[PDB]
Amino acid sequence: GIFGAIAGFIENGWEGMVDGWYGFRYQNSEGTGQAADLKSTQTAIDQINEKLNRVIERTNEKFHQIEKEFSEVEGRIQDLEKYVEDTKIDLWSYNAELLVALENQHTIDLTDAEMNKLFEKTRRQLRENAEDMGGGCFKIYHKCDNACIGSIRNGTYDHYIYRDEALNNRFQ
């Protein structure tokens, strides 16, 4: 993916994450833990369902048309009738091929996007209290009980509380 998150700087997925497409694994003084991030999951799901809404149960009424099989040999007219259908199919086949390749290319991209967005949403939250260790993991340089992880998860973490403790374990 163009953002290098999935199949990239995050090494693999978690089969263990049953309840979300994206989420957290963490370790602190209380043990370790795992939580799903619902908002990113929903953005990626809604996006895919919208592609889906645009193709499934979206067929079109067509009634009497032209004949496409022929028991007799006729020549000029039948040549035309056959060429018309041949041409049509080739053009829809082309279309369908392209549609799926593009949509899939795009589904891979926007799911890489949501991974990246979350990783940035979390980094921006941690300010100077944390470093990117690589692998999609942050080393948080301060005591962080689960309720604190909870505050990071639910977007309420306040870096000014731990900034002094953090800058001090980080440097110097």
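Numbers follow the displayed sequence, beginning with 1.
- The mean Cα B-factor in the deposited entry runs higher for 55-63 than for the other of 122-130 and 55-63.
- As the entry records it, the average C-alpha temperature factor is higher for 66-74, out of 99-107 and 66-74.
- Among the modelled residues of its chain, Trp21 has a C-alpha B-factor that falls in the lowest third according to the deposited record.
- Sort the chain's modelled residues by C-alpha temperature factor and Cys137 lands in the middle third, per the entry.
- In the deposited entry, the Cα temperature factor of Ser29 sits in the top third of values across the chain's modelled residues.
- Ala35: CA B factor lies in the middle third for its chain, per the PDB record.
- Split the chain's modelled residues into thirds by C-alpha temperature factor. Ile45 is in the lowest one.
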